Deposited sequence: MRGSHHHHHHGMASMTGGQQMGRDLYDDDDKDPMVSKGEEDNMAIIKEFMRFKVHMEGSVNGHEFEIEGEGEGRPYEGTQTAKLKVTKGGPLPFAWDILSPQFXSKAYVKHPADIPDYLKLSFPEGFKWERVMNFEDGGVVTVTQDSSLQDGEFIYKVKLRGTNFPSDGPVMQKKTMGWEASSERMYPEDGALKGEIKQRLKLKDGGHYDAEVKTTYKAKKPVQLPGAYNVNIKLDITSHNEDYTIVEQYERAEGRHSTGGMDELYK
């Protein structure tokens, strides 16, 4: 019973090692949430390389897909991957040439999820909204999910709000792969809203909230 080890309240720990335009850094954080209700919070701290000379917003989506609410008739592949867990790898292409690639390992250890993240951001224009910290959070997103080659793929057209109006776009593709074969879903969508709920002045201390819910693309 997977419901025995993924409890209705779960905590996690996360460590990110990263570089953006050559600026290296580390972040440590802890989080908690309700995996079957699709809600979670995280508290992050920059532990090396602070303060970051770029927008926090390009990091926020890398800090948890065990906490997606799923209809009973859509296989919750990433919950089912535990206790072993899963890996994911992501490419974000931003409209002005900026690129973020990410790899991640998710495991379950001593009753908590453990997240290890590696991130490389490159080619952000020095006068662009990321390096000038002109972004103001993500609009709600819809990730289109489908199985392919024994893994779960997700595609998103993500939008960052800009301080002086309008948006800054990214196209995102992620592969999520369980460490053991477990049941893949068909095609469906995940509605996501990620909020920065608090931060200190230089974003070395940040709190996030995320709500995510799977919905049918067909039937239902």
Give me the ranges of the deposited sequence that have no CA atoms here, in sequence order. 1 to 40, 104, 262 to 267
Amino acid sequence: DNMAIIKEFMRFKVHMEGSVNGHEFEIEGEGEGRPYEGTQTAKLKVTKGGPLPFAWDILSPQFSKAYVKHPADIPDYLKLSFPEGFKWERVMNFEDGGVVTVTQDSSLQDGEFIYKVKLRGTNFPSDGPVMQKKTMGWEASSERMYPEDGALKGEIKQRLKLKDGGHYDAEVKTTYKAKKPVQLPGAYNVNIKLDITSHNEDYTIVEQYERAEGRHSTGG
From here on, numbers count along this sequence of modelled residues.
Look up the CA B-factors in the entry and say which stretch, 126 to 134 or 110 to 118, has the higher mean. 126 to 134
On average, which has the higher Cα B-factor in the deposited entry, 70 to 78 or 99 to 107? 70 to 78
For the listed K45, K153, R34, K180, which has the peak Cα B-factor recorded in the PDB entry? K180
Of the residues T174, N191, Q158, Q62, the one carrying the largest Cα B-factor as recorded: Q158
Sorting by Cα B-factor within the chain, modelled residues only, which third would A140 end up in: lowest, middle or highest? highest
Of the three thirds of its chain by CA temperature factor, lowest, middle or highest, which one includes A187? lowest
Lowest, middle or highest third: where is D1 by C-alpha B factor in its chain? highest
Comparing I58 with the other modelled residues of its chain, is its CA B-factor in the lowest, middle or highest third? lowest
Ranked against its chain, the third holding the CA B-factor of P83: highest
